[PDB]
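sequence plus experimental coordinates follow:
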Amino acid sequence: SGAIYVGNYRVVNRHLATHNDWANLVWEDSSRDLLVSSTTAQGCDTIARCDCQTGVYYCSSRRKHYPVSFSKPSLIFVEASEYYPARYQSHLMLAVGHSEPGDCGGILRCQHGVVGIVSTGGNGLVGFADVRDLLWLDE
Ligand SMILES: CSc1ccncc1CC(=O)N1CCC[C@H](C(N)=O)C1
Ligand SMILES: [Zn+2]
């Protein structure tokens, strides 16, 4: 679990969005596993606007942060799950690191701000949904 709180927006994994997220929907994209909902309170986070390929992510299944080198956002095949059929997930970045299903939502940050959130994983890999291209989050 986990979310990014920026301005009057809450960014979550689309597969973990609540009834309230859907009732206050701003934008969602099944191909990216992202959903953004509106909030009444002003958020705590800054979004990176950069091309970093190194950063640190929070891994809830270890209660620890780990440094990672990750690939640029791209279209990556993701196996079928209870949430989605087998498909290509876009804007996904992979890295070697521990993750388990419940780790989705963990933030990936570089020196410039929030890069994205944990969205996929398996066998010593971890995938992050990028949010750096969503320029409207800052306005
Ligand atoms: C950190 S998720 C994870 C980690 C390790 N083994 C498995 C997983 C689960 C996982 O990859 N997905 C299930 C939930 C929806 C995901 C998606 N974006 O399509 C895919
Ligand atoms: Zn950066």
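Noted; the coordinates are in hand. Numbers count the residues shown, from 1 in each chain. Ligands and ions are numbered 1, 2, ... in the order given.

what strand or helix carries the residue nearest the centre of the chain?
For the chain, residue 117 is the residue whose C-alpha lies nearest the centre (Cα atoms, centre = their mean; 2.2 Å). Taking DSSP states H and E as the definition, residue 117 sits inside strand 113-122.

check residue 57 too.
With secondary structure defined by DSSP H and E, residue 57 is part of strand 54-59.

and for this structure, the residue most distant from the center?
For the chain, the largest distance from the centre (Cα atoms, centre = their mean) belongs to residue 40, which lies 21.6 Å off.

give the contact list for the closest residue to residue 62 other than its chain neighbours.
Distances taken as Cβ to Cβ, 6 or more residues apart in numbering place residue 98 nearest to residue 62, at 6.2 Å, with adjacent residues excluded. In this view, the C-beta of every residue, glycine as well, is placed from N, C-alpha and C. Counting by Cβ atoms under 8 Å, 6 or more residues apart in numbering, residue 98 touches 59, 61-62, 66, 124, 126.

got those as JSON lines, with distance to ligand 2 and secondary structure columns?
Formatted as JSON lines, those follow (distance: Cβ to the ion, whole Å; DSSP: H, G, I helix; E, B strand; the rest coil):
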{"residue": "59", "distance to ligand 2": "20", "secondary structure": "strand"}
{"residue": "61", "distance to ligand 2": "25", "secondary structure": "helix"}
{"residue": "62", "distance to ligand 2": "23", "secondary structure": "helix"}
{"residue": "66", "distance to ligand 2": "17", "secondary structure": "strand"}
{"residue": "124", "distance to ligand 2": "24", "secondary structure": "coil"}
{"residue": "126", "distance to ligand 2": "18", "secondary structure": "strand"}
